Structure formats: structure tokens, C-alpha cells
């Protein structure tokens, strides 16, 4: 009873797409295309970020440098950072890449997590031609391949998946997978799981979707307050009330800030400034105050979107002057997370 234990109802969104030239053949994701402006006309030549030491695809700079997500020693350090933050579940981005380098990374992550008693669940992304049939096939593959790993997450005996952009699939399709009567149901099978869909817009649209698709719960993802109805924290009390009334699990997503203008220069309206951690505090406070049973954190290391709690350091190159953690130390967002985990556990 030290107040330092991992919390297993706290989920931190984790990305394993970073590479080094040495380990992966390229500085993967540190190099990144610059997205054209959706409202910016037809002849755009936006360019790319080369992913050199001076110029990486983030408005911030990692304390660990241009790391490889395949590097066992980087993984060990990340797991130690999870321990520091008291975040007991790593929610791994999963893009269905069906290649051996990804299979290797997933094994390394599970192994490194287990050494620190961290758990892993999968964040199922909108991969090409994703539909309920191949989703089932991939759920089967993941549970079969990893269900016996000691680090594989379970809640009251069930695996848990977050489904990004779930709303892109019709409720009549979801019901085949998620209804107890569905033609390809996972309910009452070896592959049953808590399915947590992405709540985006207004209750008028989202309430029937969640009910008719038979999702077990919902999350909101976006670190930038106000980006969607779901990511507007003043809605969370109301959202929790509905969740409780309808037997659903609400897992609001909290983040320390947002900025993606290195890769999306036209997207400045979505910037949310960290102000020495006050933004993080405000958002985490709203989640706890809503009376939820679980909280998700956006993100551990989505460096592109500037939502990361992973330690960042001050850096000025000839190419760019990076943002940093201002008056706070590089590990401030890890220790502040630990602080909020404590408060969460206090009132659970």
C-alpha cells in the first residue's frame, strides 16, 4: 500500500512505428510526408520531413532521440516510463501490416511489458478493407497468438480492444459480430472481448450507434478539447450517466496538449497549448470528476500529434526550434500522470 502500484484501469495509447536506419532500414516515422491542406487547392507540393537529426516529424523532440521501436533497450526504458506513470495498460496501435518486422515488435513489447507487470491490449485501426469478417479473423489471430502471453490484458476474464473510427462500419454489420445473436458472433466464444468503440459526435447519433452495434463501451481518443463532441470534457458527466444507464463502459481519453503543425501546417486551429501542465490537469480532473471506471491517455508517444507524455527535451537545430516542456522537467508528464492515477484510485 505504497501508492506507487500500476493502475490496470488506465490505458495509454502507444505507437511502435518508429525506426532507425540501423535497426529498421530507415528513420521510419521520424521522416514523414507533410499532408496537403484539405481546403488548400489542387496544385500542392507540400514536401516531406526528412527525419534527420535536425528535422523530425514532431513539434517536440524525444529525450531518447530518433529511436527504433524495434530496439529492446528502448523498449526497456519505455516500460520503466510506464512504471513511473503508474499506467498499467499499454494500448498498442495495430494496423494489420502482416509482415514479420511487426510480428517481432509485438513479441518484444509483450516480453518487455511483462518484466514490469505492464499489460498490453490492441488498438484496432482502420486498415484497408476493414470489415466485421476480417476484424473477427484478426481478433481470433491476436487472441490465439497472444492470449496466453502473461502480459496480455484481461478485464474480469475478457480481452479488451479499442476500435478506432468504428463509426465507419454500419451498426447492421457490427451486430453480426457483437450481438449474442449475430451470424459471426464473438459472444459466448473463446474470442469474446470487451469492444470499445470511438464515440465521436452528438448523443442523437452516437447513442443508437453504440446500442445497435452492441459495443461494450466507448472511448473518445482526441487529446484536443473541443475537436469532437466526445472530446469536449464538459460532456463527460452526461456521457457517463448514459453509459451507466445502458450497461456500457465509458473510457474517456485525456491528453497533455495537441500540436501537429510540422506534418499538418494548415491545422493550427487544433493546437492546444500545454501551459506547464495545466491543460493536462484540467482534462484529467474532468475525467475523474465524471465518475468513470477507466481512463485512457492520448498518448504515450504520438509525436506527430504532440500529445505525447514521453519525455521531451529542449532542442534547437538549424532547421527548427522545437517546443519542449517549458518550466517542467522532461519526465514531468510521467510523474504528473502518476499523480492523477493516485487521485483516480482515491475516488474509484
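Residue numbers count along the first chain shown, from 1.
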query	finding
Stretch with the greater mean C-alpha B-factor as recorded in the entry, comparing 288 to 296 against 315 to 323	315 to 323
Of 93 to 101 and 189 to 197, the one with larger mean CA B-factor	93 to 101
Options 225, 253, 131, 246 - largest CA temperature factor per the record	246
Deposited CA B-factor, highest of 258, 209, 161, 218	209
Ranked C-alpha temperature factor of residue 125 among modelled chain residues, by third	lowest
Entry-reported Cα temperature factor of residue 338, expressed as the chain third it lands in	middle
Residue 43, C-alpha B-factor rank within chain (lowest, middle or highest third)	highest
Third of the chain, ranked by Cα B-factor, where residue 62 sits	middle
For residue 78, the third of its chain into which the C-alpha B factor falls	lowest
